[PDB]
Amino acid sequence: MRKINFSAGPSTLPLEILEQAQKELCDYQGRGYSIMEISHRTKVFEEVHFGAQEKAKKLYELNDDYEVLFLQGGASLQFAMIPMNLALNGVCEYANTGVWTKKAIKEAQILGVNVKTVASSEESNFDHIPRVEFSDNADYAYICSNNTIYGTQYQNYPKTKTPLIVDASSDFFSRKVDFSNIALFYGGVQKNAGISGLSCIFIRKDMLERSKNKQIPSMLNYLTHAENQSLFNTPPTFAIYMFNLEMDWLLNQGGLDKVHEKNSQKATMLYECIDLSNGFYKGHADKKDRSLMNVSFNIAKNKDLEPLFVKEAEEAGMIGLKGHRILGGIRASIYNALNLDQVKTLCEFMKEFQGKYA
């Protein structure tokens, strides 16, 4: 009797991946030990480690210009590694689209990077992606692809000669992406690619050249992890094992275009539920910028109905719906592992709740 789980992160996992991990938790593939229980420096772990790097690259159709790194510390460590590694004497340009770019900006500033916020939707309470124009000569250009709290998402990434850096945590592996100008593309794994404690970084070879000329701690150095293929120290073996099952699961589904079609179907139906509610529900996001991953909305007339909505949802087996504190209201996260039928259950519940409380 598993709950339908709309948590924004950590988030629900495909049941078949959970089932596989359960059935072999004490005895991986009959080898007589848990995947959790051996050295990373074994043929067996390597198979998983290097198979995951390759499948990630296949899903995104990445070429040999990129390395796939598996690091610890979630996306937040990246806010610091990114500037530490890829910064030079130049300007580092950032587009401010939510809580997570504010944080990233603060960390670079802490590191004493010359930071320029070239655009921002903060005034409007981050309810849209502003027009972003990067300069062509910056050290790098930084965006957050999908703003988890506000429920906004870039439709197209900005075009620039400047190396583009993308925090794709909450839309990771959700759709095909144009890497033409992308120098680094990364995500906390725990939204759309597994479990927490693992981050997956796609880094372009020219960026690694930048790490090489930097004198920073090994653990914080991209080049160090590259040369050691993300086994400089112990990686999160279990997490990588889960990522790898996730990769297979994404492959067995038809790849990122298939995943993206299912996601669009789910989002369309949920946003239609909002728009056809005769104004009883209202979304935070500008329609042009509506995220496919995180749907943030309010009960427009009566905020006091929101904690009631959440509790009745729970009583009806749907969890994780409370909006983030910074914003309030409701947030339905409908990541890859959530299916169209579960979103329909939420939609029927929303109609019923309105019929009851309008």
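Numbering starts at 1 and follows the sequence shown.
Here 226-234 and 176-184 are compared by their mean Cα B-factor, and 226-234 comes out higher. The PDB entry records a higher mean C-alpha B factor for 123-131 than for its counterpart among 123-131 and 80-88. As recorded in the entry, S39 carries the highest CA temperature factor of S39, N298, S34, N294.
The residue among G151, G255, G112, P163 whose C-alpha carries the highest B-factor in the deposited model is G112.
Placement of the Cα temperature factor of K106 within the chain: highest third of the modelled residues, per the deposited record.
Annotation for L308: C-alpha temperature factor in the lowest third relative to the rest of the modelled chain, per the entry. The PDB entry assigns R325 a C-alpha temperature factor belonging to the highest third of its chain's modelled residues.
Placement of the Cα temperature factor of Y357 within the chain: highest third of the modelled residues, per the deposited record. Sort the chain's modelled residues by C-alpha temperature factor and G279 lands in the middle third, per the entry.
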